[PDB]
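Starting off, we have a lone chain in the form deposited in one PDB entry, written out as structure tokens.
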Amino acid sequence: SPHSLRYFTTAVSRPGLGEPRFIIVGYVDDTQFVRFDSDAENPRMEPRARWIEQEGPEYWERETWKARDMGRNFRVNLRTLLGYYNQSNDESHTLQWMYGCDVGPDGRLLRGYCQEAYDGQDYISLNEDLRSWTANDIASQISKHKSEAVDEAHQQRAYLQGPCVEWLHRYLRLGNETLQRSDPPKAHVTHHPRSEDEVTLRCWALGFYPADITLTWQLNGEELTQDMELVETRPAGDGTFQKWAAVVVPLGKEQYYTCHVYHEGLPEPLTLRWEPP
């Protein structure tokens, strides 16, 4: 509609310990549904959405063992990269891996992702063809060369084209009521003096799902302002999201400005402006 299943994996080395901290979170669209944290109480794959609690112990046992296996491999990978970069074992380093599938309205794979970063920088990524890799420096070239030798691409491609899509379909069925919905935003404009003769107008969108949204401001008769303060879309904590966008305008000219709110749940945008009480 479209939809996606994505996993986000993070391994952090700890100079002065054995095991790195290893975390996995899984998402369908904008909803986190599973988490594994090696340092947790306890270190198993566990639910983060009510609807996944529908899976039997077999599911939970198998994902926990896969998480544990991946953690061991990420431990190895961190040590391997220390070597590639000639780095010492007295500092912390990070490996991140994001992967998953986007599927279209007909339930078919639109694109697959499989990419890693070392210390927050692009390391290696599976190309859109799902057949070849992009490296970013000498170390990642070695990794790329190794993955070509063992045909890793075909293993990841098989997953992304098959099980990833199929599991996404299962999850969409399990969590249909919350995943397959649009809650449109409710919006209002607030007014806050900024100086003697300037006012901050803030256009709020609240209670919306999914997270994608766009707010625009403009002076009536002109193109959209670029001079706009925004915040990153943020979780309300109840499965919906919030966002706001602000402009500073002259006192007494508040109503010459208009905010529009666009969202998948709105056939037409909401149109708002400051209304004195």
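Start at 1 and count along the sequence shown; that's the residue number.
In what follows, reference is made to the form deposited with a partner chain bound, a form of this protein that is not presented.
K.L.:
In the bound PDB entry, do 51, 54 and 56 all reach within 4.5 Å of the partner chain through at least one heavy atom apiece?
P.N.:
None of them does, since no heavy atom lies within 4.5 Å of the partner.
K.L.:
With the cut-off set at 4.5 Å between non-hydrogen atoms, does residue 161 touch the partner chain in the bound PDB entry?
P.N.:
Answer yes; at least one heavy atom of residue 161 falls within 4.5 Å of the partner chain in the bound PDB entry.
K.L.:
Answer for residue 148 alone: is it within 4.5 Å of the partner chain in the bound PDB entry, judged on heavy atom distances?
P.N.:
Residue 148: contacts the partner chain in the bound PDB entry.
K.L.:
How about residue 173: is it within 4.5 Å of the partner chain in the bound PDB entry, going by heavy atoms?
P.N.:
No, residue 173 sits far enough from the partner chain in the bound PDB entry that none of its heavy atoms falls within 4.5 Å.
K.L.:
Does at least one non-hydrogen atom of residue 194 fall within 4.5 angstroms of the partner chain in the bound PDB entry?
P.N.:
Flag for residue 194 set to no.
K.L.:
Identify, from the list 88, 155, 132, 180, the residue with a heavy atom within 4.5 Å of the partner chain in the bound PDB entry.
P.N.:
In short, 155.
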